[PDB]
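A.B. asks: Have a look at this one before I ask anything.
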Amino acid sequence: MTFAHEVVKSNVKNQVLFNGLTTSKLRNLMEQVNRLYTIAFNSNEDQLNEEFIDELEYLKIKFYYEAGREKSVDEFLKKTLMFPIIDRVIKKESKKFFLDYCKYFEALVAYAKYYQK
Amino acid sequence: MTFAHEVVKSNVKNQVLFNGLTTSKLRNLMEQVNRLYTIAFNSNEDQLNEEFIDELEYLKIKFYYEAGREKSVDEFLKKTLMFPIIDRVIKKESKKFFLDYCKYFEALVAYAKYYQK
Amino acid sequence: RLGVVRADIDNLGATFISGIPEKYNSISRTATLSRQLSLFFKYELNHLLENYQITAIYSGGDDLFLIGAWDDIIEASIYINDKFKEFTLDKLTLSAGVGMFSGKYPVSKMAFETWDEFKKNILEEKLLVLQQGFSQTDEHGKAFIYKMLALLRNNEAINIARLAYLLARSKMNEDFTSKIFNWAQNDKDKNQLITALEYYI
Amino acid sequence: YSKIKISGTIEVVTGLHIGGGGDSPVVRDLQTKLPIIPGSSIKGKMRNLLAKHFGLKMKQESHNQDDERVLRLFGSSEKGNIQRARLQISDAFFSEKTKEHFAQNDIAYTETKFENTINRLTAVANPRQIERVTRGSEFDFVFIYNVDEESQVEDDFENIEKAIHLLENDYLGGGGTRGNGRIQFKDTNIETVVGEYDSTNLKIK
Amino acid sequence: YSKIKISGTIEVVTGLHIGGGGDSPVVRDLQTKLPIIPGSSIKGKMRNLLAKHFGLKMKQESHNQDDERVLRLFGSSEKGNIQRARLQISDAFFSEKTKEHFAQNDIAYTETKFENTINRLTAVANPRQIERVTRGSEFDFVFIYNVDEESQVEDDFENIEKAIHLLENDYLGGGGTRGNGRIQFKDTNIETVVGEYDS
Amino acid sequence: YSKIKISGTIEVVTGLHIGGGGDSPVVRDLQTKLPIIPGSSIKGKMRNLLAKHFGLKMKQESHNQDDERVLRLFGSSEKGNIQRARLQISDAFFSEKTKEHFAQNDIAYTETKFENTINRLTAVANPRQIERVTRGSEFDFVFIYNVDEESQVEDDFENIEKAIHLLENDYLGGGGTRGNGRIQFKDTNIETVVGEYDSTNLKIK
Amino acid sequence: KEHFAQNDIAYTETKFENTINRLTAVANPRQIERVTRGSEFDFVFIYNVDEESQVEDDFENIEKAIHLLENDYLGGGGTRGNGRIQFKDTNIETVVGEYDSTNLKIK
RNA sequence: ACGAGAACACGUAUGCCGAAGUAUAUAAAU
């Protein structure tokens, strides 16, 4: 996939990023992701426990609140199909897909941090 | 492509190397490349597994992130044509070319370590 | 181990018969030439050997068959070549070979086994600087040197890079490591450094 | 040649910050990717403190030659002396109860706390983020004690007792003076895994 | 060798905002989800004020070399001279009695204070928000003093006592100027825990 | 004449540092580029501890002569009273199950633990980095015990069982006192490979 | 040879060893050159059956010999952890005389 | 009826032994 690099390069507009998005504006998001991630790591089976599915909904709630609070985060999440991805994750409930999600989001962060003021 | 391997001596300036590049910020790259090298050693046939390819994708993602974090490393990666060779390796999906790349990276790294404050 | 050096005069067939053409080939004169060669090979061979842990096994005619300690054998062989080049006024030359053989070997089998380039370049230049460096930096045991040997023996460029890095991990003075690296780059100087270090052990 | 095993539990009073792996992460394991306190830190801290407790000269401060009883406890074998350590400190692991309780309360193990380094004659407070383990977490530890000589176990155990108490009113980890690293020891147990030595009158608190 | 414990309790007097986590929240203890005072804050307010009360040369400011009494009291080793921190300030947490009283009297743990912005020549009202910790609450803290010289303990303790008074009069945390940061100390207790020192 | 096979796996509780290649790496197999535990390591540590178990004289220590039973187990054949060795300790190979496991969960085989050191009178830090085999990885080991005397079989097995226990509580490799390399054994097994000698009543914990 | 050249693997390993003096606890470094793991050797045995009525017996014996070696070592340090070998792809053919070899078996 | 014939470059020992990812620096000026 790595459609992330395409989105970030397309958003290099005039030197603004998604209309001025910054990595420190993502912090809690990634933090939350990382938490789930390590929990996700400790589990063995691919079937994700109901508590983890509730935590996935909690991660989506965080994303929605952050998008509502900051307009630039909203644009980023909207274009990046982040909410579609999360919904599809919730539908799938499979660990491997979740790990793929983690990688994609981390790539997003890395590419964005690649082009910053 | 070996001119990019002896260019390291061409980048010995005054008294910093690659604008102050140190192996302390490049150790992560060596570990990641070595981890994939052992997986390639386990692989018997030439045609790389798709999960291995995604591993290459993650590798390049790490490359971009490391270039973003540190400027001298960014100069190293760009001035040595790291990303094009990475993409080429991904394109070729051949083990043997991958080993060639790893040897190239090893030469770069070692030569870099030879010259350090 | 023991060292054995065997040497023969190269131009002795011509010297004994043709010697000096057309004007001094008197019977007495070639006799005196023979006499000088004999007296040298039977007296100087006694005198010069004083400082070497060597036993004289066969000396005479044009055959020199000497055995002793490897280092002592090499050193005395050098000494004997120089002394000969003095006494022959650089007119007669010798070809000599030294082989290292394990102790208690049947010598009847050792015998059948058996210059300025060697003296000035290898022993005089490389050997001394390597010795000084290894004197200055300790712990550099046969492990470190043996890794060097491995690096040199596989003559490939990636091995050149490996040798560079390994040298970097040492703590030898930059001049010493750079000299070894420069010597390794040159095929002739690498072969010479290899020989010097093999002598080192 | 018997071996006395010591088990116990590290309860983290304030934040704990090893920071071995580093923007600069703490030591976090690999099979569970849960943070652990590498023993090397534990042994070093306990050793430095116990050395301070006994005498320590500037010439002694030169090259880490320390008081002889401590030396017997931890081993130097440096001045051509035959001294292998009789007390080995292992690593600590994020014990299961901790993970369980935190999961059933949905709490992270690790916090990021942000600091503002103020510069004099500049009035600029630069933000530096430090990652530290959350409070109330626990690890389990095992120490191994070796009896090289019978009539010295009690004397060495007295030195251990002092060093264990020293760690409870000190900081273990990074930069404790900014208030991170306070720990305690609980549920001490002593057993002799191998041998015929009695460890019942023996106690650590 | 000897270690000196200090047990005591801070009471908050004016609204208090440290707000490390920054609608601009305050630091919180994650196992309790409750306010704390990151003892780093104590250390910093302390050292800054003490430098202020002692000599603080402009060159000394630029070079961050602090007064020798200050530097020795808290350890710096930034000028090359090895110096170990002689006092550690740890964090602090809510008191059991404080939390019990809050629950009994239904006292909220945090207050949101509106900060209205008024501009001259326009007087345009754009409220801002900020959070404060409930005033009057008490935290239990610890100060651990280490003895490195049996003759320096008295002088170091004298400096600590005067500094405690300075911290009480001044403001701790951010927005000290607007009325956030006045705390008091109570129930100081002194007791050496390790060693044979007389206190 | 019988040869008795012992099989099982070695589980790394805390990181392992065999590290014969010398930054400061671990020994690796050259066909797979994977960690190994050379049989010299295991065999020597077993001999060392089991010898220390029994009484050893100062002269015996200097001449490496040990107790008659340990020697008969391990062989000296150095002077005079020669004894042909009896238990051949094979090497250890990074088992397939753990290789697949790490691949599936994307886990490194080996970590680079960063460590530090505070020299005295300077308090100045000089860092180091040390490679450690990731914990929980499993090695396969094979022991071959030979019956040079039928009468003594359970006694020899009991001796090596004590050495196995000693290894578990202690450590292999380096950094043992600093925390590295405490190991455990799992799924041991015995089966007579050559001869006509039963091995059912045999056991090794 | 072809596999190693392709995979760029050295043929021979240099193992570092160490020995500990007791009552001194000093370190004495050692170096042993070992053949690489996994290499294969092509071996040839020749058995001249001088007695038709014994060859079966002999092969049984040779079988046992081979079998023992399967769980034992060759060369030095075999107690110390080197030299275990394996036998694969054994084929037996008659090359002199007219004696059948379709029933002789060695693993 | 081959300067032959028999003959494991074997047996002992491992990478140790000590090192603390450490040293100050307010989530801040409305």
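Ligands are numbered from 1 in the order shown, residues from 1 within each chain, and chains are lettered A, B, ... in the order they appear in the structure tokens.
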For residue 35 of chain B, please output as a VMD selection string all residues within 10 Å (counting only C-alpha atoms (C1' of nucleotides); exclusion window: fewer than 2 positions along the same chain).
C.D. replies: (chain B and resid 29 to 33 37 to 40) or (chain F and resid 106 to 110)
A.B. asks: Give me, as an MDAnalysis selection string, all polymer residues having an atom no more than 12 Å from residue 56 of chain B, counting only C-alpha atoms (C1' of nucleotides) and skipping those fewer than 6 positions away in the same chain.
C.D. replies: (chainID A and resid 2) or (chainID B and resid 32:33 35:37 39:40 48:50 62:63 83 85:95 98 101)
A.B. asks: One number please: atom CA of residue 9 of chain D to atom CA of residue 186 of chain D, in Å, one decimal.
C.D. replies: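 Atom-to-atom, atom CA of residue 9 of chain D and atom CA of residue 186 of chain D are spaced 5.1 Å apart.
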A.B. asks: Would you list which chain D residues are within 12 Å of chain A using only C-alpha atoms, as a ChimeraX atom specification?
C.D. replies: /D:28-35,96,99-100,102-112,127,129,131
A.B. asks: For chain B, report every residue with an atom at most 7 Å from chain A (counting only C-alpha atoms), formatted as a list in words.
C.D. replies: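 Going by the stated atoms only, the list reads residues 61, 64, 65 and 68 of chain B.
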A.B. asks: Please, which residues of chain C lie no more than 9 Å from chain G when the count uses only C-alpha atoms, and can they be set out as JSON, numbers by chain?
C.D. replies: {"C": [141, 142, 143]}
A.B. asks: Would you write out those residues with C-alpha atoms, as an mmCIF file, in the first residue's frame?
C.D. replies:
data_model
loop_
_atom_site.group_PDB
_atom_site.id
_atom_site.type_symbol
_atom_site.label_atom_id
_atom_site.label_comp_id
_atom_site.auth_asym_id
_atom_site.auth_seq_id
_atom_site.Cartn_x
_atom_site.Cartn_y
_atom_site.Cartn_z
ATOM 1 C CA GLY C 141 47.092 -11.649 20.257
ATOM 2 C CA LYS C 142 47.053 -14.257 17.530
ATOM 3 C CA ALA C 143 43.293 -13.719 17.421
#
A.B. asks: Would you mind listing what lies within 9 Å of residue 14 of chain H as a list in words, with only C-alpha atoms (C1' of nucleotides) counted and same-chain residues fewer than 4 positions away left out?
C.D. replies: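 The neighbour list is residues 20, 38, 40, 41, 42, 44 and 45 of chain F; 16, 17, 18, 19, 20, 29 and 30 of chain G.
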A.B. asks: Each residue of chain G with at least one atom at most 6 Å from chain F should appear once, together with its nearest atom pair and the corresponding distance in Å (one decimal); atoms considered: only C-alpha atoms; ordering: chain, then increasing residue number; output as CSV.
C.D. replies:
residue,atom,partner,partner_atom,distance
G:16,CA,F:20,CA,5.2
G:22,CA,F:61,CA,4.9
G:79,CA,F:88,CA,4.2
G:80,CA,F:40,CA,4.9
G:81,CA,F:39,CA,4.3
A.B. asks: Identify every residue of chain H that has at least one atom within 7 Å of any atom of chain D, counting only C-alpha atoms (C1' of nucleotides), and report the result as a list in words.
C.D. replies: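 Written out as asked, the residues are residues 17, 18, 20, 21, 25, 26, 27 and 28 of chain H.
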A.B. asks: Would you save the residues from that selection as a PDB file, in the first residue's frame, using N, CA and C atoms (P, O5', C5', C4', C3', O3' and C1' of nucleotides)?
C.D. replies:
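Output file selection-v6.pdb is given in full below:
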ATOM      1  P     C H  17      32.052 -13.451  34.490  1.00  0.00           P
ATOM      2  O5'   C H  17      32.701 -13.420  35.945  1.00  0.00           O
ATOM      3  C5'   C H  17      34.013 -13.969  36.185  1.00  0.00           C
ATOM      4  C4'   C H  17      34.959 -12.900  36.662  1.00  0.00           C
ATOM      5  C3'   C H  17      34.358 -11.513  36.668  1.00  0.00           C
ATOM      6  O3'   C H  17      33.495 -11.337  37.790  1.00  0.00           O
ATOM      7  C1'   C H  17      36.565 -11.438  35.799  1.00  0.00           C
ATOM      8  P     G H  18      32.297 -10.278  37.711  1.00  0.00           P
ATOM      9  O5'   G H  18      32.958  -8.970  38.326  1.00  0.00           O
ATOM     10  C5'   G H  18      32.169  -7.982  38.952  1.00  0.00           C
ATOM     11  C4'   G H  18      32.857  -6.646  38.918  1.00  0.00           C
ATOM     12  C3'   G H  18      32.204  -5.587  38.039  1.00  0.00           C
ATOM     13  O3'   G H  18      31.248  -4.820  38.738  1.00  0.00           O
ATOM     14  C1'   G H  18      34.486  -5.776  37.488  1.00  0.00           C
ATOM     15  P     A H  20      28.403   0.793  37.648  1.00  0.00           P
ATOM     16  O5'   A H  20      27.548   0.430  36.349  1.00  0.00           O
ATOM     17  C5'   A H  20      26.453  -0.513  36.404  1.00  0.00           C
ATOM     18  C4'   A H  20      25.107   0.180  36.508  1.00  0.00           C
ATOM     19  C3'   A H  20      24.751   1.166  35.393  1.00  0.00           C
ATOM     20  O3'   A H  20      23.408   0.911  34.963  1.00  0.00           O
ATOM     21  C1'   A H  20      24.539   2.221  37.504  1.00  0.00           C
ATOM     22  P     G H  21      23.136  -0.035  33.658  1.00  0.00           P
ATOM     23  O5'   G H  21      23.235   0.949  32.400  1.00  0.00           O
ATOM     24  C5'   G H  21      22.026   1.503  31.856  1.00  0.00           C
ATOM     25  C4'   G H  21      22.139   2.996  31.995  1.00  0.00           C
ATOM     26  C3'   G H  21      20.834   3.764  32.218  1.00  0.00           C
ATOM     27  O3'   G H  21      21.112   4.652  33.288  1.00  0.00           O
ATOM     28  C1'   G H  21      22.080   4.740  30.472  1.00  0.00           C
ATOM     29  P     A H  25      17.857  20.902  38.871  1.00  0.00           P
ATOM     30  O5'   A H  25      17.573  21.746  37.552  1.00  0.00           O
ATOM     31  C5'   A H  25      18.231  23.002  37.317  1.00  0.00           C
ATOM     32  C4'   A H  25      17.985  23.436  35.899  1.00  0.00           C
ATOM     33  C3'   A H  25      16.568  23.189  35.386  1.00  0.00           C
ATOM     34  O3'   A H  25      15.707  24.308  35.587  1.00  0.00           O
ATOM     35  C1'   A H  25      18.132  22.230  33.889  1.00  0.00           C
ATOM     36  P     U H  26      14.645  24.310  36.789  1.00  0.00           P
ATOM     37  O5'   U H  26      13.629  23.145  36.395  1.00  0.00           O
ATOM     38  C5'   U H  26      12.562  23.361  35.448  1.00  0.00           C
ATOM     39  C4'   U H  26      11.215  23.350  36.136  1.00  0.00           C
ATOM     40  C3'   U H  26      10.005  23.250  35.214  1.00  0.00           C
ATOM     41  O3'   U H  26       8.872  22.666  35.863  1.00  0.00           O
ATOM     42  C1'   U H  26       9.998  25.356  36.271  1.00  0.00           C
ATOM     43  P     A H  27       8.339  21.181  35.486  1.00  0.00           P
ATOM     44  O5'   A H  27       6.778  21.394  35.277  1.00  0.00           O
ATOM     45  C5'   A H  27       6.231  21.272  33.958  1.00  0.00           C
ATOM     46  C4'   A H  27       6.163  22.633  33.322  1.00  0.00           C
ATOM     47  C3'   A H  27       4.798  23.296  33.439  1.00  0.00           C
ATOM     48  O3'   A H  27       4.986  24.707  33.412  1.00  0.00           O
ATOM     49  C1'   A H  27       5.261  22.954  31.180  1.00  0.00           C
ATOM     50  P     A H  28       4.065  25.695  34.292  1.00  0.00           P
ATOM     51  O5'   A H  28       4.513  27.118  33.757  1.00  0.00           O
ATOM     52  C5'   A H  28       5.594  27.797  34.361  1.00  0.00           C
ATOM     53  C4'   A H  28       6.406  28.548  33.346  1.00  0.00           C
ATOM     54  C3'   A H  28       5.778  29.804  32.776  1.00  0.00           C
ATOM     55  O3'   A H  28       5.941  30.913  33.629  1.00  0.00           O
ATOM     56  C1'   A H  28       6.832  28.538  31.060  1.00  0.00           C
TER      57        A H  28
END
A.B. asks: Assign secondary structure with DSSP using the backbone only, and return the residues of segment 98-135 of chain F in helix (DSSP H, G or I) as a list in words.
C.D. replies: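 Checking each residue of segment 98-135 of chain F, the helix (DSSP H, G or I) ones are residues 98, 99, 100, 101, 102, 103, 104 and 105 of chain F.
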A.B. asks: Residues as selected, N, CA and C atoms, written as a compact mmCIF listing (two decimals), in the first residue's frame, can you do that?
C.D. replies:
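Full text of part.txt as output:
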# COMPACT_ATOMS: atom_id res chain seq x y z
N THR F 98 10.96 -21.78 17.80
CA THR F 98 11.14 -20.39 18.19
C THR F 98 11.44 -19.52 16.99
N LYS F 99 12.12 -20.06 15.97
CA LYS F 99 12.38 -19.24 14.80
C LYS F 99 11.07 -18.85 14.13
N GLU F 100 10.19 -19.83 13.94
CA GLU F 100 8.89 -19.53 13.37
C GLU F 100 8.11 -18.56 14.25
N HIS F 101 8.13 -18.79 15.56
CA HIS F 101 7.38 -17.93 16.46
C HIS F 101 7.82 -16.48 16.30
N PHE F 102 9.12 -16.24 16.33
CA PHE F 102 9.60 -14.87 16.21
C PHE F 102 9.27 -14.29 14.86
N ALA F 103 9.37 -15.10 13.80
CA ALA F 103 9.01 -14.58 12.50
C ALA F 103 7.56 -14.15 12.48
N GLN F 104 6.68 -14.99 13.03
CA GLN F 104 5.26 -14.69 12.99
C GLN F 104 4.95 -13.44 13.78
N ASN F 105 5.53 -13.31 14.95
CA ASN F 105 5.26 -12.13 15.74
C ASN F 105 6.26 -11.01 15.52
A.B. asks: I'd like the neighbourhood of segment 182-186 of chain C as a ChimeraX atom specification, where a residue qualifies if any of its atoms comes within 12 Å (using only C-alpha atoms (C1' of nucleotides)), though same-chain residues fewer than 2 positions away should be ignored.
C.D. replies: /C:121-122,125-126,130,148-149,151-157,159-164,167,174-180,188-196
A.B. asks: As a ChimeraX atom specification, please: the residues near segment 10-14 of chain D (cut-off 8 Å, only C-alpha atoms (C1' of nucleotides), same-chain neighbours under 3 positions excluded).
C.D. replies: /D:134-141,179-186 /E:90-91
A.B. asks: Compute the chain H side of the contact with chain G at 9 Å, counting only C-alpha atoms (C1' of nucleotides), and hand it back as number ranges by chain.
C.D. replies: H: 8-11, 13-17
